[PDB]
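Novice: As a preliminary step, the opening chains of the complex are given here in situ:
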Amino acid sequence: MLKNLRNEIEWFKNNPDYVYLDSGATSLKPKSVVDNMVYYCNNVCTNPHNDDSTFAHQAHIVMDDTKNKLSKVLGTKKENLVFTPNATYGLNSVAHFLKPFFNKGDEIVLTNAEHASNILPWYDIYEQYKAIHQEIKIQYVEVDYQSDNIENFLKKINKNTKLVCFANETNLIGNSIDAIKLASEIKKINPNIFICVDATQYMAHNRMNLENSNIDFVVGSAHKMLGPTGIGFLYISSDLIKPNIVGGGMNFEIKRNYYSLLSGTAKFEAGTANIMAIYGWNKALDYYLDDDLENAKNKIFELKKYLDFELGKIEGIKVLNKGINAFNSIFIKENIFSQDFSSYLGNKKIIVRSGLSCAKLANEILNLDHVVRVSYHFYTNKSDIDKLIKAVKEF
């Protein structure tokens, strides 16, 4: 239950003089997560490449329940999900999967509010292709943070476009885009365009329906979904299911100068899987199958308004994502760099983040190379926000 999340996160009990507002970098972890990871290391501790004993089969069921729960959350099937190390690692696999399908003159429409992991994996195909004397070009959507950013997207898609890589919820600015709506419009311009979404922020707060979505790839991580570090997901449309990583747990038959891929989604999951993280995410995907998801998203939306309004009455404070229903608040203090103001908040025991937060192209939206990001999750309460306002006022 998301309502008693604060009462289940033991972080708040051991560090009760601290205020956590860097939830958009990593999330605090409930007790059920840490305990299920302990149960693996001390009660199971087996490889998922073993099925002889029923002891070894225990881990296999937890993997499928985690994949079934993610299937319910992303609105798809467990036969479409691949366990990736992070989202940066799933986005690099998509780049290395769609690299050979590019031609000269094909375009990649990105955005100025994208993470460095929805930007740099596609620069690499760009510089690689220029060297092989083909030439792809990259188109950058200029974001209005107060818009749906649909026409600002469709104005950059032509008949040469091959990949539309965007993010459902951005990390720094916090604006949200409809993936299904934008995908349908891109598929009415050309139904042969690939669409990859970076839902590492979106899936930390919401759920999706990726069945019949015209989205070919969706990525995300677990350390932002109230889960552990070292595991993420990768959704591949039923048609597209070539493995980027090659090794164990991927082959059907290995001979000399020849090998076969396994049948299913196991061909992309190469090597031993992070079962400890699979155990922790099994207990974290139960908070995302709650009915108070929207009511705990609107509690955060209400706390965003309250901080933004109150910071707007504090002298020398301009909130740059004011007016949108988001899960972060980027603001600047006049004549003070965000690095120094975040250190002031840090000595006041308020953990925030400074800078563009790996969205190093968003200086064209804010006209600033630095911001203070006050990130929220479902466990954020009014007391947390109140103490931030107090510290800002005591500057």
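Specialist: Yep, it's here. Numbers count the residues shown, from 1 in each chain, chains lettered A, B, ... in the order given.
Novice: domain assignment for chain A?
Specialist: For chain A, the structural domains run A:11-29+A:290-393, A:41-284, going by automatic domain parsing.
Novice: As TSV, those with distance to residue A:2 and mean neighbour count would be great.
Specialist: For every residue, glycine as well, the C-beta is placed using N, CA and C. Shown next, in TSV, are the domains of chain A (distance: least, CB to CB, whole Å; neighbours: other CB atoms under 10 Å):
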stretch	distance to residue A:2	mean neighbour count
domain A:11-29+A:290-393	5	18
domain A:41-284	9	18
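Novice: what's the closest of those domains to residue A:5?
Specialist: Closest to residue A:5 of these, according to CB to CB: domain A:11-29+A:290-393, at 4.4 Å.
Novice: what's downstream of the strand or helix carrying residue A:341, the next helix or strand?
Specialist: Per DSSP states H and E: residue A:341 is located in helix A:338-347. Following helix A:338-347 in sequence order, the next helix or strand is strand A:350-351 (DSSP H and E).
Novice: Which neighbours in the sheet does that following strand have, and how are they oriented?
Specialist: Its sheet considered, strand A:350-351 pairs with strand A:19-20 (parallel) by DSSP bridges.
Novice: Touching the strand it pairs with from outside, list them.
Specialist: A:11, A:28, A:349-351, A:380, A:384, A:387-388 (CB atoms under 8 Å, 6 or more residues apart in numbering).
Novice: How about stretch A:245-254?
Specialist: A:48-49, A:93, A:243, A:259-263, A:266-273.
Novice: What about the residues you listed, which are in helices?
Specialist: Of those, the ones assigned to helices by DSSP state H are residue A:93.
Novice: Tell me which stretches of the stretch 151-300 of chain A form strands.
Specialist: Under the criterion DSSP state E, counting those that start in this stretch, the stretch 151-300 of chain A carries strands at the ranges A:161-166, A:194-198, A:217-221, A:232-236, A:251-254, A:259-261.
Novice: For the second one, name the packing helices and strands.
Specialist: The reference is to strand A:194-198. Packing partners of strand A:194-198 (3 or more CB pairs under 8 Å, 6 or more residues apart in numbering; DSSP states H and E): helix A:88-98, strand A:161-166, helix A:179-189, strand A:217-221.
Novice: now for chain B:
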Amino acid sequence: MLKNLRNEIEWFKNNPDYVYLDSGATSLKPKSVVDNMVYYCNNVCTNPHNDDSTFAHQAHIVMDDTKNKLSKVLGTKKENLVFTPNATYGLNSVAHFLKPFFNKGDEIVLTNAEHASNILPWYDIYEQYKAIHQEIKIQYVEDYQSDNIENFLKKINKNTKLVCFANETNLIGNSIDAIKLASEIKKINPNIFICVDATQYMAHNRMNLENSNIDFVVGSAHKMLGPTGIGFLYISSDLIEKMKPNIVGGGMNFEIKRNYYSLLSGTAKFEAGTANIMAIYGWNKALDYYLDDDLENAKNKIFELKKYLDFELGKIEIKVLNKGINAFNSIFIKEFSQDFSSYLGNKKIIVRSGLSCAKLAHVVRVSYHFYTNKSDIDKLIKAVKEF
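Specialist: Below is chain B, added to the chains above:
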């Protein structure tokens, strides 16, 4: 420290009727490992991309300590070791590091007892250059008991670019000396890359890579008394700035402009995405066991029980196929091995069947670690006798 391993691993308490002889796929975790990861989750829980507070810099300190400890278990320094998600991801990185350095008729010298993560990353290069009509060559070294030094050098000519072998194999357990083979390969041709799969070697041994002639050393932590989801990649200090990362994103970035990105320098350019600090925390405590002065003694103890099992198992009606060599693993057959491992599993003996990802030329696998007893060997002997 490694003799009180059985008393600090709480797997033996919670599951006391079961024995664990699949320590070659994953190792049982000491309680110091598990507790430090509970500390991060319940007391720190910060991203390492943040350095704006005291709680945020605490993770940086632990990450550096885990690297320093790894540098003492391996030789070389922190600035030569990178943090991979596992050993399969570091071997695939090495493949993409050296992919543009091969030419026509350049050979990759592998063995026949390699892992799938030490075979398939190099098959893709073989079939990449094959399509662009610059076909490279793959040489497969054939024997359990041999040191295999001479069987290697017979295949190393001067038209070879890479020798990728395993310090210690998964199924057999034969141990080639990396530092010996490396010097003799560089004697023939000094322009060869040496990539060693030390995933199972660094799980039972310690190493010294400073002033070695090997260019890459990979390995994971789940069989190193540590957690899953973290490993390491050794890049020699002569080619850190020459190799380019396969995974690009955050934490490897100096500046992004439109159609331009600059790389951070050192090991950070290969360290992309967020970090598995939870596993970094657990590996800090795991490496404290591999800095003990009794590594060589515990290995000899395991060799005693291997001799003991190879002696007893084999007087029944059963063929130990790796008998004689001193290893942390024993493979044997019943004249089906999958059905026999399920039999052993119903007698609560956890083993593994098949070729264990070394699909070159089925068997039952008895893998040991520093926590194997003698009772564990005896319970397997008696359960085998009741077939």
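Novice: let's see the contacts of stretch A:245-254 again after adding chain B.
Specialist: Identification of contacts with stretch A:245-254 by CB atoms under 8 Å, 6 or more residues apart in numbering or on different chains yields A:48-49, A:93, A:243, A:259-263, A:266-273, B:88-89, B:91-92, B:115-117, B:119-121, B:123-124, B:357, B:359-360.
Novice: One more pass at 7 Å, please.
Specialist: With contact meaning CB atoms under 7 Å, 6 or more residues apart in numbering or on different chains, stretch A:245-254 is reached by A:49, A:243, A:259-262, A:266-267, A:269-272, B:88-89, B:92, B:115-117, B:119-121, B:124, B:357, B:359-360.
Novice: Same check on stretch A:278-292?
Specialist: A:1-3, A:5, A:30, A:32-33, A:36-37, A:39-40, A:62-63, A:65-66, A:69-70, A:72-73, A:207, A:222, A:225-228, A:231.
Novice: among those residues, which are within reach of chain B?
Specialist: The residues of the contacts of stretch A:278-292 that also fall near chain B, by CB under 7 Å from any CB of the partner chain, are A:228, A:231.
Novice: So which of the contacts of stretch A:278-292 belong to strands?
Specialist: Assignment to strands by DSSP state E places none of the contacts of stretch A:278-292 there.
Novice: right, is stretch A:332-342 up against chain B?
Specialist: Yes - Stretch A:332-342 is in contact with chain B by CB under 7 Å from any CB, via residue A:342.
Novice: relative to its centroid, which residue of chain A is most remote?
Specialist: In chain A, the residue that sits farthest from the middle, by CA atoms, centre = their mean, is residue A:256; the gap is 39.6 Å.
Novice: Just give the closest residue to that one, not the sequence neighbours.
Specialist: residue B:140 (6.3 Å; CB to CB, 6 or more residues apart in numbering or on different chains).
Novice: bridging residues for the one you found?
Specialist: residue B:110.
Novice: Surely residue A:318 touches residue A:329?
Specialist: No - Residue A:318 is beyond contact range of residue A:329, at 11.4 Å (criterion: CB atoms under 7 Å).
Novice: Verify the contact between residue A:203 and residue A:225 for me.
Specialist: Yes - with contacts counted by CB under 7 Å, residue A:203 reaches residue A:225, the gap being 6.0 Å.
Novice: got the end-to-end distance for stretch A:106-122?
Specialist: By CA to CA, to the nearest Å, the extent of stretch A:106-122 from end to end equals 12 Å.
Novice: no no, stretch A:372-389
Specialist: Start-to-end, stretch A:372-389 (CA to CA) is 13 Å.
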